[PDB]
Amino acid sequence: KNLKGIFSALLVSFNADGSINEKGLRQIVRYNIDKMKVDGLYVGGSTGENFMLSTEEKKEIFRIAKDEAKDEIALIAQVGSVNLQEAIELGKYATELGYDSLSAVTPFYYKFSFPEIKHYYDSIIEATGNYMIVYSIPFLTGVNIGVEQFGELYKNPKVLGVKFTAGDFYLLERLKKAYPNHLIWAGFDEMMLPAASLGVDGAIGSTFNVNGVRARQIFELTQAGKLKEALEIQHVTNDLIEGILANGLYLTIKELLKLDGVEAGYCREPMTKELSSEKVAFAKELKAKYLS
């Protein structure tokens, strides 16, 4: 399966007690495939509230997403953790389910050396036999990987490239220059246009769960050099994203899904579980203005 193009970072529907709501999760998967018209789903990322969940819950989500998606789209499994044994267990399970690639966040909390980081990727790859996408998110992890360091990771032929949720466009250019055959997915939806201008191969985004139509337009128009139109659509997109961030990122994407009849559920504690009535009214304004 071609892993280029537009991937939603899959949100998960939770019940009030924090358990997975399977019906709701399935409705989110279907909405992304049928209505957002994504090329793929990136499952178990930050957006899936993954790091607040048990290993069993993470397995449940992988199972559900794949059973619902079947073979209609590409599927990437984020299996990274501070616990390398958990990552390997999850990696094996997603690979056995048929996920097209794994991805793994750089290990965090502790200050791991680069050799420890490389061994972590190499271990998951060896144990699973699957492809690997390096998940880079400096603003959450505090981990910054340089161009030489990416080169060392890329010595393993099963590393396909990087989910680049980072704002350094000089690094972004140098990585494309140095490793032209390795892939890059942009991770900041509000910076899609300038990333696409530097030749990234796709994008993985939480806002694509509701704004997938615009996201594809910006990407395809930019690659075609229709910059004036791409920019107009990036401007509207970012008015919507600005509102979503101000109101509460995951809760507001979910409220926007609910407004279209998707049972997107609660957020998982210790995140705030439910929007206040004021913020629900704010999310309705965003719906009326940008997604009607």
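Residue numbers run from 1 along the displayed sequence.
- Looking at 23 to 31 and 247 to 255 together, the entry lists the larger mean B-factor for 23 to 31, computed on C-alpha atoms.
- Higher mean CA temperature factor between 68 to 76 and 159 to 167: 68 to 76, per the PDB entry.
- The maximum CA B-factor among the listed residues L183, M191, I145, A203, taken from the PDB record, is found at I145.
- In the deposited entry, the Cα temperature factor of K58 sits in the middle third of values across the chain's modelled residues.
- Among all modelled residues in its chain, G40 ranks in the middle third by Cα B-factor.
- Ranked against the other modelled residues of its chain, the C-alpha B-factor of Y93 as given in the entry falls in the highest third.
- Sort the chain's modelled residues by C-alpha temperature factor and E152 lands in the middle third, per the entry.
- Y110 sits in the lowest third of its chain by CA B factor, as recorded in the PDB entry.
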